[PDB]
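One structure is given here, and the rest of the page talks about it.
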Amino acid sequence: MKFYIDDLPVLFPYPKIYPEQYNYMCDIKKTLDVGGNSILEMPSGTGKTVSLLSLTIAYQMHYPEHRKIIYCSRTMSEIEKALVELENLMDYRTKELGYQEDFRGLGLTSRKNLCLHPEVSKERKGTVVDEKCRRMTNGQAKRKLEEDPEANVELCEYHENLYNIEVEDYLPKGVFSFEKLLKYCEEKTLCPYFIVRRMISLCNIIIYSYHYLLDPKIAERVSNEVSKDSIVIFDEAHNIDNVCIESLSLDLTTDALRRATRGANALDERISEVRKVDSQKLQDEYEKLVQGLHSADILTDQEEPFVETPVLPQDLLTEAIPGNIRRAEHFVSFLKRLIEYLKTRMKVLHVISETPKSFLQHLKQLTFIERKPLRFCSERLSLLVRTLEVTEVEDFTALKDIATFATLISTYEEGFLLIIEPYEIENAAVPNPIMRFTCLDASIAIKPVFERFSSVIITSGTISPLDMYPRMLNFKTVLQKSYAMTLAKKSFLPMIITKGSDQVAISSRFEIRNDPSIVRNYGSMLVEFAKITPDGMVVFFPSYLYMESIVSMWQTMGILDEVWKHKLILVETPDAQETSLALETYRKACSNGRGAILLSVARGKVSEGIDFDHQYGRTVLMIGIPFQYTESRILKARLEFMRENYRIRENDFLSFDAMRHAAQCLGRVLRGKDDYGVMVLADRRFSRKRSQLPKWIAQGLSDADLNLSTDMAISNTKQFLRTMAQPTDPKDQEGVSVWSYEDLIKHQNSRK
Amino acid sequence: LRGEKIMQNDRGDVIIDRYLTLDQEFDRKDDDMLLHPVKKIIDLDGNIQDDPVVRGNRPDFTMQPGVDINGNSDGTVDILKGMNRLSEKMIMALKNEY
Amino acid sequence: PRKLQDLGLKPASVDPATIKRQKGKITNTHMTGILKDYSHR
Amino acid sequence: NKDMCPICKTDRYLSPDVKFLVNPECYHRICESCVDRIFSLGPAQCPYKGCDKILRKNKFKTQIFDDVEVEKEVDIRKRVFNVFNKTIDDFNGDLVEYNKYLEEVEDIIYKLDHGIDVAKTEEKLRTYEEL
Ligand code: SF4
Ligand SMILES: [Zn+2]
Ligand SMILES: [Zn+2]
């Protein structure tokens, strides 16, 4: 349809529209026109991505400002869905306006997802892929080939073919999903990664993950190309604090330092070798360092620093190199004795938590390393590596960890803590000391974003409570609200199971995981639901270890044998590719009527973007509240930090963290309003968390379902599934849950 | 083959045990028989490779496969893979030449 | 073993001193040899 | 040279109370037991094959870093920083002069560590002490 808001014409790609979608679009436009941030929570059974793209694209195409759009999702798989929705929306616009308007929309991701080189795309880790591409694209190979054609260094035909054509002609006008982008680039032998990265400044809408906006290592290059007045959308940002914290965190092991000394020794040997034969390089670098230049002025735009900048760009010192680490050998000695100090700090016998200031003071005492040189460690190493012609950098890889640690601990002092533990795994014959640099404040990484951009929309399906995100992340919103779906007939049955058919309490507390009664009670619930679930059944566990133990217990008990008769058993595994194959099989078995059951972790890879709608999900079995491991030094430090700063009680945050994951998994079962499923929360502690669930889920949870038994939940499920299989009466939803164009106009008349 | 954890105490049979290592070779040949590129919609490998330079805090032992005192695997992941492979082979067998 | 344990050497033995070496008148009797003692379950 | 005194060959397994020490003069590992018997009466030459540098028992200390070479550099660094010591304010905020001063000190430490010019550098350390 094509309807009107106060003055903005918006073309919806569907003939019908939900009341929630229209209200969602109206609120978004109000936020955009008034300026500022907002937090909008729309249910999962209502199209959110299409509504966002429909309004925002229309907004950019109508107003004189022509503000760009930045779309942030949490995983790469979501970028594809957003791009597919964008393609569908733009195709509708091209057919209704009579022409293809000037529009470019591209997704962004790593080389590993976009490498077409037959020999470099066959790697099992992205770091190696980046290294090989850099070797063929840094320009060292091209310059050597220019001087002497006989050089055996190779290139990438994809990267080289781009230089023939201009940046504005890399792709035709339109929207390019990754599936479409790779196909187009393969037929013309071009690099999708370099095409995308060189077209961000030209895109009307750019879609990437949160790691490309919050992580300083990969963000600064991308951030410098996007505009300052663009529309910023945070899609599915209910777990954004976790991304913000891992961006400024690091871990050091004994193996890391043992591998760092070898690299430092190799670096010293390389410097000596270069000193004998070709010494002009060292002097040339030293001269520029004395002048006051940094990596930006020395490195060409074609090459990248060896050590990614680990701190936010606003905290990097703009002064010249301190002079202590100005020469190659002096920096190596500086680096070596820093490694030695780290090694001697790994021999503690009890957990030590210290501020970055205390660590710096002790470092300045035992050795004589000051704060300022430590801040330039990463910046200097990238220069030394660049000037040493280090064609293979396998030896020096470990030094990137030491440099990253050095530049972090010397930069930030508030909101950061250094934990040293003699036991990474308490269940080990021999201690394995670990050193963790943890970020406690989640707003440090997101502070630049909320200041650089004027308007930001924070939207998600299960982002509740809405007051805690402004508290946790220091930002203020013009409006924060959650919509309740106007579903004519109840489509999802949320239930809470507190005990088994024997009326014995059930819980997923880790200390009683190996309990014959709780294990058998959960297994009986799994089997009984597997008997009435028609097609698909997803089961989420609080942790992977809990799932591993209980599944093994079920095998001995024989509970799995009963499940095998009705459905196939697919299990989430640590390997990502194997889990992807499990998802493919699970979907296939759901489609052909064989029936499948998928056991996954609530805080795992499956729960962070994979949706189980229609037949892929008809029942969700939340086995326990997904609490973290409370006896974690990092979490306890974060809980203490939040309590003192933001006045958040430790239990409140722990419950909030657990519920934001339980609700996260619940909302992945409804796509439209014709979708239905049963949500069962199997834990006695869930009974008092109804007020903590999202508003649209809490409204559907009845007072009788707050504490059910397994038999009483099965009987209700059987009745509900039977009821949802009947032909819905169109008149019951003709104008109360689904709107035609005429109905929408009426709603615009009565309101005004 | 029944997806049950093998016990070292159990004596077993001498003759059949000779094929245990052969099965370890058949499972490898079957893992490739199932491996193939996955659609980007549900590609979980690209999500972990989205940012290849992510360095945070290593997850707790509750978010990792179980291990014993000596540090080696407890073996429960093997049976998880075994049932996963059984389901995958059954579904693949459906899409035969017929 | 005690002397070895004072020098810091692990002793592979122990002192043997620590080895702890571990009604009336019935009513019916025509059932002479029938009643099996099912005392516990 | 793994866990035992090179002189007395006192392995740690049979003598768990063994404790090693180093002398800045030659940085040679030696267990405490050898130190008392060889040096208690007075100064004597180091009991190493190829080392004839005399030392006193009062100078022995405990090695901090597991790398001997870094210990030598740090100790020399401590010796130099006890003499060559200034701050940014010492040059009234002139960063160029301060950085050049820092580079000179590092060059002094590098030369003293690798023995490039021991005589001239050592005299310079002594000279600056007066000033
Ligand atoms: S230029 Fe592109 S295709 Fe070539 S190696 Fe690099 S990422 Fe792969
Ligand atoms: Zn000795
Ligand atoms: Zn000596």
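Residues in the structure tokens are numbered from 1 in each chain, the chains being A, B, ... in the order shown, and ligands are numbered from 1 in the order shown.
Those protein and nucleic acid residues that have any atom within 8 Å of ligand 2 are, using only C-alpha atoms and all ligand atoms, residues 4, 5, 6, 7, 8, 9, 10, 30, 31, 32, 33, 34 and 35 of chain D.
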Write the residues of the preceding selection, restricted to C-alpha atoms, as a compact mmCIF listing (two decimals), in the first residue's frame.
# COMPACT_ATOMS: atom_id res chain seq x y z
CA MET D 4 70.47 -27.80 40.05
CA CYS D 5 73.53 -25.87 41.15
CA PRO D 6 76.11 -26.21 38.34
CA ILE D 7 78.88 -26.47 40.95
CA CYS D 8 77.60 -28.89 43.58
CA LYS D 9 75.03 -30.60 41.37
CA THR D 10 72.46 -30.41 44.16
CA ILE D 30 74.51 -20.70 42.62
CA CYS D 31 72.68 -22.40 45.47
CA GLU D 32 72.79 -20.87 48.95
CA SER D 33 74.71 -23.88 50.27
CA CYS D 34 77.68 -23.19 48.00
CA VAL D 35 77.63 -19.46 48.80
Just asking: which residues within stretch 4-79 of chain D are helix (DSSP H, G or I) according to DSSP, as an MDAnalysis selection string? chainID D and resid 32:39 57:59 68:79
Export C-alpha atoms of the chosen residues as an mmCIF file, in the first residue's frame?
data_model
loop_
_atom_site.group_PDB
_atom_site.id
_atom_site.type_symbol
_atom_site.label_atom_id
_atom_site.label_comp_id
_atom_site.auth_asym_id
_atom_site.auth_seq_id
_atom_site.Cartn_x
_atom_site.Cartn_y
_atom_site.Cartn_z
ATOM 1 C CA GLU D 32 72.791 -20.868 48.949
ATOM 2 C CA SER D 33 74.706 -23.879 50.271
ATOM 3 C CA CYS D 34 77.684 -23.187 48.001
ATOM 4 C CA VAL D 35 77.628 -19.459 48.799
ATOM 5 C CA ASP D 36 78.294 -19.978 52.507
ATOM 6 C CA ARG D 37 81.162 -22.448 52.124
ATOM 7 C CA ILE D 38 82.948 -20.650 49.283
ATOM 8 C CA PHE D 39 82.537 -17.038 50.453
ATOM 9 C CA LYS D 57 78.964 -12.904 49.672
ATOM 10 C CA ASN D 58 77.245 -9.686 50.771
ATOM 11 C CA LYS D 59 76.328 -8.882 47.148
ATOM 12 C CA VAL D 68 68.995 -13.525 32.964
ATOM 13 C CA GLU D 69 69.579 -11.038 30.142
ATOM 14 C CA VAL D 70 66.653 -8.857 31.224
ATOM 15 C CA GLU D 71 67.976 -8.931 34.798
ATOM 16 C CA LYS D 72 71.273 -7.480 33.570
ATOM 17 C CA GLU D 73 69.519 -4.732 31.608
ATOM 18 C CA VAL D 74 67.159 -3.829 34.458
ATOM 19 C CA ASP D 75 69.956 -3.643 37.033
ATOM 20 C CA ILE D 76 72.018 -1.426 34.728
ATOM 21 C CA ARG D 77 68.859 0.601 34.112
ATOM 22 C CA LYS D 78 68.441 1.009 37.873
ATOM 23 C CA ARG D 79 72.080 2.083 38.194
#
Show me which residues sit within 9 Å of ligand 3 when counting only C-alpha atoms and all ligand atoms, and put them as a ChimeraX atom specification. /D:23,25-29,45-55
Return as a list in words the residues of protein, DNA or RNA that approach ligand 1 to within 8 Å, with only C-alpha atoms and all ligand atoms taken into account. residues 111, 112, 114, 115, 116, 117, 120, 121, 129, 130, 132, 133, 134, 136, 137, 155, 156, 157, 158, 159, 190, 191, 192, 193 and 194 of chain A
I'd like a table as JSON lines: residues in chain A with an atom no more than 6 Å from chain B, each row giving the shortest atom pair and its distance in Å to one decimal, only C-alpha atoms counted, sorted by chain and rising residue number.
{"residue": "A:75", "atom": "CA", "partner": "B:47", "partner_atom": "CA", "distance": 5.2}
{"residue": "A:76", "atom": "CA", "partner": "B:47", "partner_atom": "CA", "distance": 5.0}
{"residue": "A:77", "atom": "CA", "partner": "B:41", "partner_atom": "CA", "distance": 5.2}
{"residue": "A:109", "atom": "CA", "partner": "B:50", "partner_atom": "CA", "distance": 5.7}
{"residue": "A:110", "atom": "CA", "partner": "B:50", "partner_atom": "CA", "distance": 5.5}
{"residue": "A:126", "atom": "CA", "partner": "B:52", "partner_atom": "CA", "distance": 5.2}
{"residue": "A:127", "atom": "CA", "partner": "B:52", "partner_atom": "CA", "distance": 5.8}
{"residue": "A:246", "atom": "CA", "partner": "B:56", "partner_atom": "CA", "distance": 4.5}
{"residue": "A:249", "atom": "CA", "partner": "B:56", "partner_atom": "CA", "distance": 4.6}
{"residue": "A:250", "atom": "CA", "partner": "B:56", "partner_atom": "CA", "distance": 4.9}
{"residue": "A:251", "atom": "CA", "partner": "B:57", "partner_atom": "CA", "distance": 5.7}
{"residue": "A:427", "atom": "CA", "partner": "B:69", "partner_atom": "CA", "distance": 5.7}
{"residue": "A:428", "atom": "CA", "partner": "B:69", "partner_atom": "CA", "distance": 4.6}
{"residue": "A:429", "atom": "CA", "partner": "B:69", "partner_atom": "CA", "distance": 5.3}
{"residue": "A:543", "atom": "CA", "partner": "B:63", "partner_atom": "CA", "distance": 5.6}
{"residue": "A:544", "atom": "CA", "partner": "B:63", "partner_atom": "CA", "distance": 5.1}
{"residue": "A:545", "atom": "CA", "partner": "B:62", "partner_atom": "CA", "distance": 4.9}
{"residue": "A:568", "atom": "CA", "partner": "B:87", "partner_atom": "CA", "distance": 5.8}
{"residue": "A:570", "atom": "CA", "partner": "B:84", "partner_atom": "CA", "distance": 5.2}
{"residue": "A:576", "atom": "CA", "partner": "B:45", "partner_atom": "CA", "distance": 4.9}
{"residue": "A:577", "atom": "CA", "partner": "B:45", "partner_atom": "CA", "distance": 5.6}
{"residue": "A:580", "atom": "CA", "partner": "B:44", "partner_atom": "CA", "distance": 5.7}
{"residue": "A:585", "atom": "CA", "partner": "B:88", "partner_atom": "CA", "distance": 5.9}
Neighbours of chain D in chain A at 10 Å, counting only C-alpha atoms, as number ranges by chain: A: 261, 290-292, 319-327, 329-331, 333-334, 336-344, 366-368
Serialized selection, N, CA, C and O atoms, as a tab-separated table (two decimals), in the first residue's frame:
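The result, stored in selection-v4.tsv:
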chain	number	residue	atom	x	y	z
A	261	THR	N	57.81	-14.22	24.09
A	261	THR	CA	59.26	-14.11	24.18
A	261	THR	C	59.92	-14.59	22.89
A	261	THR	O	60.88	-13.98	22.42
A	290	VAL	N	61.14	11.06	14.82
A	290	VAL	CA	61.61	12.26	15.50
A	290	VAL	C	60.76	13.46	15.11
A	290	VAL	O	60.44	14.31	15.95
A	291	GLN	N	60.37	13.55	13.84
A	291	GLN	CA	59.59	14.69	13.38
A	291	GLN	C	58.27	14.80	14.13
A	291	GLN	O	57.85	15.90	14.49
A	292	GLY	N	57.61	13.67	14.39
A	292	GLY	CA	56.36	13.67	15.13
A	292	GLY	C	55.24	12.95	14.40
A	292	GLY	O	54.08	13.00	14.83
A	319	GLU	N	50.84	13.40	20.67
A	319	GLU	CA	52.21	13.87	20.80
A	319	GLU	C	53.17	12.89	20.14
A	319	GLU	O	52.81	11.76	19.78
A	320	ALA	N	54.41	13.34	19.97
A	320	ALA	CA	55.42	12.51	19.33
A	320	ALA	C	55.75	11.30	20.19
A	320	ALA	O	55.37	11.22	21.37
A	321	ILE	N	56.46	10.35	19.60
A	321	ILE	CA	56.87	9.14	20.30
A	321	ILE	C	57.73	9.57	21.48
A	321	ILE	O	58.56	10.49	21.34
A	322	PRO	N	57.59	8.96	22.66
A	322	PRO	CA	58.27	9.49	23.85
A	322	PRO	C	59.78	9.55	23.74
A	322	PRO	O	60.41	10.33	24.46
A	323	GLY	N	60.39	8.73	22.88
A	323	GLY	CA	61.83	8.70	22.71
A	323	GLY	C	62.48	7.45	23.28
A	323	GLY	O	63.51	7.01	22.75
A	324	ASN	N	61.91	6.88	24.34
A	324	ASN	CA	62.46	5.64	24.88
A	324	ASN	C	62.35	4.51	23.87
A	324	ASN	O	63.27	3.69	23.74
A	325	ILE	N	61.24	4.44	23.14
A	325	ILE	CA	60.98	3.36	22.20
A	325	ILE	C	61.13	3.87	20.78
A	325	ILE	O	60.53	3.33	19.84
A	326	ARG	N	61.93	4.92	20.60
A	326	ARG	CA	62.11	5.52	19.28
A	326	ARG	C	62.99	4.68	18.37
A	326	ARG	O	62.80	4.71	17.15
A	327	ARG	N	63.95	3.94	18.91
A	327	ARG	CA	64.84	3.09	18.13
A	327	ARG	C	64.38	1.64	18.22
A	327	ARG	O	63.70	1.23	19.16
A	329	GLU	N	66.06	-1.34	18.61
A	329	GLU	CA	66.57	-2.17	19.69
A	329	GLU	C	66.04	-1.73	21.04
A	329	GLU	O	65.72	-2.57	21.89
A	330	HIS	N	65.94	-0.42	21.28
A	330	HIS	CA	65.42	0.06	22.56
A	330	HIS	C	63.98	-0.37	22.75
A	330	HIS	O	63.59	-0.77	23.86
A	331	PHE	N	63.16	-0.30	21.70
A	331	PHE	CA	61.78	-0.75	21.80
A	331	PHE	C	61.71	-2.25	22.07
A	331	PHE	O	60.87	-2.71	22.85
A	333	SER	N	63.95	-4.11	23.66
A	333	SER	CA	64.27	-4.30	25.07
A	333	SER	C	63.11	-3.85	25.95
A	333	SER	O	62.77	-4.52	26.93
A	334	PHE	N	62.50	-2.71	25.62
A	334	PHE	CA	61.30	-2.27	26.32
A	334	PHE	C	60.22	-3.35	26.27
A	334	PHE	O	59.57	-3.65	27.28
A	336	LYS	N	60.64	-6.63	25.67
A	336	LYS	CA	61.04	-7.87	26.32
A	336	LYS	C	60.86	-7.80	27.83
A	336	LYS	O	60.34	-8.75	28.44
A	337	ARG	N	61.28	-6.70	28.46
A	337	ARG	CA	61.18	-6.62	29.91
A	337	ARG	C	59.74	-6.40	30.36
A	337	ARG	O	59.40	-6.73	31.50
A	338	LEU	N	58.89	-5.84	29.50
A	338	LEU	CA	57.46	-5.81	29.80
A	338	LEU	C	56.89	-7.22	29.83
A	338	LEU	O	56.06	-7.55	30.69
A	339	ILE	N	57.33	-8.07	28.90
A	339	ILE	CA	56.87	-9.46	28.88
A	339	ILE	C	57.34	-10.18	30.14
A	339	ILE	O	56.60	-10.97	30.73
A	340	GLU	N	58.58	-9.93	30.55
A	340	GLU	CA	59.10	-10.57	31.76
A	340	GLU	C	58.28	-10.18	32.98
A	340	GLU	O	57.99	-11.03	33.83
A	341	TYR	N	57.91	-8.91	33.09
A	341	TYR	CA	57.09	-8.48	34.22
A	341	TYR	C	55.73	-9.17	34.20
A	341	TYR	O	55.20	-9.54	35.26
A	342	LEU	N	55.14	-9.34	33.02
A	342	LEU	CA	53.88	-10.06	32.93
A	342	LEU	C	54.05	-11.51	33.37
A	342	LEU	O	53.19	-12.07	34.06
A	343	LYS	N	55.17	-12.14	32.99
A	343	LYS	CA	55.40	-13.53	33.37
A	343	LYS	C	55.56	-13.67	34.88
A	343	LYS	O	55.00	-14.60	35.47
A	344	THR	N	56.30	-12.77	35.51
A	344	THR	CA	56.51	-12.88	36.95
A	344	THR	C	55.26	-12.56	37.75
A	344	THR	O	55.19	-12.88	38.94
A	366	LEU	N	59.22	-2.34	39.86
A	366	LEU	CA	60.08	-3.48	39.58
A	366	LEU	C	60.96	-3.21	38.37
A	366	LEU	O	62.19	-3.35	38.42
A	367	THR	N	60.35	-2.82	37.26
A	367	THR	CA	61.05	-2.27	36.11
A	367	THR	C	60.86	-0.75	36.11
A	367	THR	O	60.33	-0.18	37.07
A	368	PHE	N	61.29	-0.09	35.04
A	368	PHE	CA	61.22	1.36	34.94
A	368	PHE	C	60.48	1.77	33.67
A	368	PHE	O	60.92	2.62	32.90
What's the 12 Å shell around residue C:5, counting only C-alpha atoms, without same-chain residues fewer than 5 positions away, as a VMD selection string? (chain C and resid 10 to 15) or (chain D and resid 14 16)
Nearby residues (only C-alpha atoms) at most 10 Å from residue A:447, same-chain spacing under 5 positions excluded, as a PDB file with N, CA, C and O atoms, in the first residue's frame:
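Output file part_30.pdb is given in full below:
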ATOM      1  N   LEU A 214      31.235  -0.599  17.482  1.00  0.00           N
ATOM      2  CA  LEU A 214      31.676  -0.497  18.866  1.00  0.00           C
ATOM      3  C   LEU A 214      33.111  -0.945  19.089  1.00  0.00           C
ATOM      4  O   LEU A 214      33.790  -0.377  19.946  1.00  0.00           O
ATOM      5  N   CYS A 244      29.618  -4.348  23.961  1.00  0.00           N
ATOM      6  CA  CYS A 244      30.391  -3.176  24.360  1.00  0.00           C
ATOM      7  C   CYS A 244      31.509  -3.535  25.329  1.00  0.00           C
ATOM      8  O   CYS A 244      32.550  -2.870  25.342  1.00  0.00           O
ATOM      9  N   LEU A 312      39.718   3.462  21.879  1.00  0.00           N
ATOM     10  CA  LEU A 312      38.881   4.355  21.097  1.00  0.00           C
ATOM     11  C   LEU A 312      39.741   5.470  20.502  1.00  0.00           C
ATOM     12  O   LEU A 312      40.703   5.916  21.138  1.00  0.00           O
ATOM     13  N   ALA A 442      29.899  -0.611  30.547  1.00  0.00           N
ATOM     14  CA  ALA A 442      29.464  -0.916  29.192  1.00  0.00           C
ATOM     15  C   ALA A 442      29.242   0.331  28.348  1.00  0.00           C
ATOM     16  O   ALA A 442      29.031   0.211  27.138  1.00  0.00           O
ATOM     17  N   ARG A 452      28.395  11.187  18.501  1.00  0.00           N
ATOM     18  CA  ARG A 452      28.660  11.478  17.097  1.00  0.00           C
ATOM     19  C   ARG A 452      27.367  11.604  16.302  1.00  0.00           C
ATOM     20  O   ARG A 452      27.249  12.475  15.433  1.00  0.00           O
ATOM     21  N   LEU A 473      23.747   2.041  30.035  1.00  0.00           N
ATOM     22  CA  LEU A 473      24.443   2.828  29.028  1.00  0.00           C
ATOM     23  C   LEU A 473      23.996   4.277  29.171  1.00  0.00           C
ATOM     24  O   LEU A 473      22.805   4.576  29.049  1.00  0.00           O
ATOM     25  N   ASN A 474      24.952   5.172  29.416  1.00  0.00           N
ATOM     26  CA  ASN A 474      24.642   6.548  29.797  1.00  0.00           C
ATOM     27  C   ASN A 474      24.152   7.317  28.573  1.00  0.00           C
ATOM     28  O   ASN A 474      24.907   7.987  27.866  1.00  0.00           O
ATOM     29  N   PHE A 475      22.848   7.210  28.320  1.00  0.00           N
ATOM     30  CA  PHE A 475      22.187   7.982  27.280  1.00  0.00           C
ATOM     31  C   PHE A 475      20.748   8.230  27.704  1.00  0.00           C
ATOM     32  O   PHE A 475      20.198   7.529  28.557  1.00  0.00           O
TER      33      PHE A 475
END
Set the distance at 12 Å and use only C-alpha atoms: which residues neighbour residue A:316 once local chain neighbours fewer than 4 positions away are removed? I'd like the list as a count of residues only. 21
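What separates atom CA of residue A:232 from atom CA of residue A:453 is a distance of 7.4 Å.
By only C-alpha atoms, and with residues fewer than 5 positions from residue A:621 along its chain excluded, the set lying at most 7 Å from it is residues 538, 539, 540, 679, 680 and 681 of chain A.
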What are the residues of chain C that have an atom within 8 Å of an atom of chain D, counting only C-alpha atoms, as a ChimeraX atom specification? /C:7-9
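Computed from the coordinates, the atom CA of residue A:438 to atom CA of residue A:640 distance equals 13.1 Å.
Here atom CA of residue A:23 stands at a distance of 29.3 Å from atom CA of residue A:176.
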